[PDB]
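Trainee: Below are the structure tokens for one structure; questions will follow.
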Amino acid sequence: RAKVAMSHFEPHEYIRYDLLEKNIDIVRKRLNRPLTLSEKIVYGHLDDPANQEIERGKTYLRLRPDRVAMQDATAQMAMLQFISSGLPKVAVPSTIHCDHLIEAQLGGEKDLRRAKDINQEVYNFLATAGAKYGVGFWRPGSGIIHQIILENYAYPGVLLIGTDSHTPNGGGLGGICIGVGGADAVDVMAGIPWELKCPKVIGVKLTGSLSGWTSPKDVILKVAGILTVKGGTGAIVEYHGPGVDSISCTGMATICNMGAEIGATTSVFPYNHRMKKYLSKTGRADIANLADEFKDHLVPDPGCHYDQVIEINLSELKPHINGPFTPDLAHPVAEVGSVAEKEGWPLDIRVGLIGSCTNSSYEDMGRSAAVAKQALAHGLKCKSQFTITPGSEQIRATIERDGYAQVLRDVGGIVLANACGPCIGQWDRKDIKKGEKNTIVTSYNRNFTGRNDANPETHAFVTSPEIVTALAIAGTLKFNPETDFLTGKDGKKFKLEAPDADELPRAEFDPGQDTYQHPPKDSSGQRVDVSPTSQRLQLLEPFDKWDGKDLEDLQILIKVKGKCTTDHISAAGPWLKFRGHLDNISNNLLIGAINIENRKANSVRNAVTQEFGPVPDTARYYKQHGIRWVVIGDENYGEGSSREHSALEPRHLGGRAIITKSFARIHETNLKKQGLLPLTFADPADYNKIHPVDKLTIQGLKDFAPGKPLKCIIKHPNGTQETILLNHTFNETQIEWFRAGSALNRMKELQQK
Ligand code: SF4
């Protein structure tokens, strides 16, 4: 067909829209109905379009992704599992992005220099494993993974998977970009079909157009308050309607990004002229030209069916601020001042933080700068502390050039390295004592307990970058930028005009310094060295194969009450130091989860000793003594981040099964991948029949089968037993992972020995 390369770094890897077209046509012949846009891109990437059973919410699709992207907090364990596979080279375009391990402390260059010193061992391991297996490497300082992907790798119709739950960001350029755990990335780098449960499709019709202070972030802050954090589970969110053309390409990426907070498989927007424009300004006019010739396959079919439709009128949407400890507690900015007051949420804002992958684009920096120049024109500066993270080197170089960074420095902000930083708790915060109740407002996405600064009483609210700037200048939540007055230096009351800024640089982007490192596709005879006494890296020992028996008299390690996020199961911040060391990071296992017995975090009863202690220590004690254990959880267990450490750690410390009312998708897949049994109650009221003291037998593992429930015998202390039924969503591919001990063990059996 055309020979248009997938990116500037892979001149020989061509976009296959011909293949996409061919597969869409095979599938629509079978289904005889309109296809949504997500169905076109997803079913157009099927391994076997002619034979695949396609039922939304029901069948597992065997897909062929176009490329794999990893960031350095998850790439370590994905590459250690790739090293166990024994395979010589990755089968599809793959990149590593070093963005998670740069701690904010001093700002910019100083923080970057220090992270390069502190994290040398890790960055060295990833560059070397990258050179050897043929993975591209974006060096520290290059930018947050999703901003580098939008700028260089996402195009209309791509199917991309990434080891990070905010990989949906790339839906802002018309592709299907899905968050997975490191073991799923290994399947694709290994060349075997990736499986995904066929999604439902929620259509969101946008009407009207944005104006004034309302920005793209408000659309997804409103959708999250509507759907709630579990409302998107099992579905792709597909935006459509006349209002779509009112949003910039990075604005579309913001809305798709935070779809992660409602549990959605991903989100996507149809190819339009704002995307074409962004592709041309990022050096990819030939890809825009080819997508124009294939435009039919890059928009939804007329009259396609959504399983749920939501309609939002962009012209009536007002500025929102969500939180404090869930991203779906939504408030208009005009009322957060009074709800806070009523609820006892601290009103004075300590720190205002703009950035993260959700809101770090050129336009976000221009709109924040536009608020800040108005304050400056009245002789004001931020009352709160104010930090700014540019999403990539190209954006840092261009906002510097076009004057935005200096305005933001002059109102009192500190520009941080192009990295996650305070968003995953990589922040050396010292203005509050630990346990001090305080409020910070961010333009981030999650705001779970102790995620930004490990302080559980920090109240974090997420909003748009221009509203963080306005509230940082006022320093109080009781300020509405739309209505209220600030007092300048000169004694006059003045009002903030709504920010206006260009979506893209008028001139071209300044690319900044060189940060990509191509694999030697010649040499590749690197030895990857992992010191056997390293505290940060450790080669994996394979998990045990299933012994062929039922699981009798399992001890309950903990019965969790309430919300149990992957940040509750395997915290980040200081623990990021150990993301390549399974035994060392297992010391944070479930330390944030609330135990129903006492309502305490990290305090469970050891069954043998009858002493209450830390959860990691109690799991190690049971493991040491041969006691197999179980976790009993509530609804949406595993909400959040895709980090597979939340599944690897319970497997390492002797866990066998996790029985909940429901699971978030990526955690449930990670649990099956590591050879654990994720099971749900056939009747959620049975959660109330199980007490911490009871022992459980899971029965019927011998004829474990797709669609057949498992019998659980609850053994009460008084001799009383009760049988309940537990559902599972395993197909026969996944039952093989369980029988082998893990998915990686199974792949190694298929290597003929
Ligand atoms: S959500 Fe935060 S921690 Fe996760 S990739 Fe984005 S900026 Fe980094």
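Sequence positions for chain A are given in Swiss-Prot numbering; the residues included correspond to 29-781, in order.
If you check the header, you will see the structure was determined by X-ray crystallography, 2.0 Å.
The backbone N, Cα and C atoms fix where each Cβ goes, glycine too.
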Trainee: From the candidates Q99, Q779, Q780, give the one listed by Swiss-Prot for the same substrate site as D192, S193, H194, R474, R479, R607, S670, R671.
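Mentor: Swiss-Prot names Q99 for this substrate site.
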Trainee: Please pick, from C332, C385, the residue that Swiss-Prot records in the [4Fe-4S] cluster site together with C448, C451.
Mentor: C385
Trainee: Can you give me the Cα-Cα distance between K411 (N6-succinyllysine) and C451 ([4Fe-4S] cluster binding site) in Å, rounded to a whole number?
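Mentor: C451 ([4Fe-4S] cluster binding site) has its Cα 21 Å from the Cα of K411 (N6-succinyllysine).
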Trainee: For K31 (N6-succinyllysine) and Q99 (substrate binding site), determine the Cα separation and express it in whole Å.
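Mentor: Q99 (substrate binding site) has its Cα 29 Å from the Cα of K31 (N6-succinyllysine).
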Trainee: Short question: which residues 6 or more past the ends of the region 'Disordered' (524-561) have a Cβ under 8 Å from it?
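Mentor: For the region 'Disordered' (524-561), the nonlocal Cβ contacts are 37, 108, 111, 117, 149, 153, 155-167, 169-171, 239-241, 276-279, 302, 305-306, 309-310, 390-391, 394-399, 402-403, 420-426, 428-430, 494, 498, 509-510, 514, 567.
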Trainee: If you compare CA-to-CA distances from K233 (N6-succinyllysine) to each of the recorded positions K50, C448, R474, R607, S670, which comes out shortest?
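Mentor: If we rank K50, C448, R474, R607, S670 by Cα distance to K233 (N6-succinyllysine), first place goes to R474.
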Trainee: Identify which of the recorded positions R474, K723, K730 has its Cβ surrounded by the largest number of other Cβ atoms within 10 Å, counting every protein chain shown.
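Mentor: Max Cβ neighbours within 10 Å, all protein chains included: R474.
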Trainee: Sequence gap of 6 or more, C-beta under 8 Å: which same-chain residues meet both conditions with respect to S670 (phosphoserine)?
Mentor: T102, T191, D192, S193, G207, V208, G209, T594, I694, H695, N698
Trainee: Can you list which of these recorded positions (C385, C451, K730) have a Cβ closer than 6 Å to ligand 1?
Mentor: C385, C451
Trainee: Write down the Cα-Cα distance for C448 ([4Fe-4S] cluster binding site) and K144 (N6-succinyllysine), rounded and given in Å.
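Mentor: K144 (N6-succinyllysine) to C448 ([4Fe-4S] cluster binding site), Cα-Cα distance: 15 Å.
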Trainee: Determine, using Cα-Cα distances only, which of these recorded positions is closest to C448 ([4Fe-4S] cluster binding site): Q99, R474, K730, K739.
Mentor: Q99
